[PDB]
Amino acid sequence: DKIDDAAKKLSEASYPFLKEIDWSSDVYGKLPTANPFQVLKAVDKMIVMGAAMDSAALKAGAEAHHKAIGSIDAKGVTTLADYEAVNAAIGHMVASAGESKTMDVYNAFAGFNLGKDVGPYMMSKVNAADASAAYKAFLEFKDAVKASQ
């Protein structure tokens, strides 16, 4: 469908970024700029969003990540093909959850002002142009998701 088509485009444009991330780093376990109770507010919104998702879409998303784990290289990076299946599944998951519950997650993360520190720190460890191209691609992808909603 159109989400599937958009997933192909998103995946191919954002794969360079995905390959550059250090998947072995322990940094992702903690958000140092927030206390745990602040992080839990965003976790709450993601739990609410997930509970709003179609079971069929969630199960497809789970299977796609299971396969993706199976195809990782020595650096932890799954294949483009399995990345595309992940993005297609997540697109269908987000579609089923609806806009308000998805925006509630953004809004909860906005309370961390990640653009000041975490965002630029993460970008500094990858190719900036590749990160920008992934974001441009995400902005197009989200339009197909919203069209489905």
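Residue numbers run from 1 along the displayed sequence.
Report task. Between 35 to 43 and 76 to 84, point out the one with the higher average CA B-factor as the PDB entry records it. Result -> Per the PDB entry, the higher value belongs to 35 to 43.
Query raised in the report: Taking only the CA atoms, which stretch has the higher mean B-factor in the record, 61 to 69 or 106 to 114?
Result: Per the deposited B-factors, the answer is 106 to 114.
Query - Chain-wide C-alpha B factor ranking for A128, given as lowest, middle or highest third - result: According to the entry, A128 has a C-alpha B-factor in the chain's highest third.
Report task. Among all modelled residues of this chain, ranked by Cα B factor, put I90 in the bottom, middle or top third, i.e. lowest, middle or highest. Result -> Lowest third - that is where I90 ends up once the chain's C-alpha B-factors are sorted.
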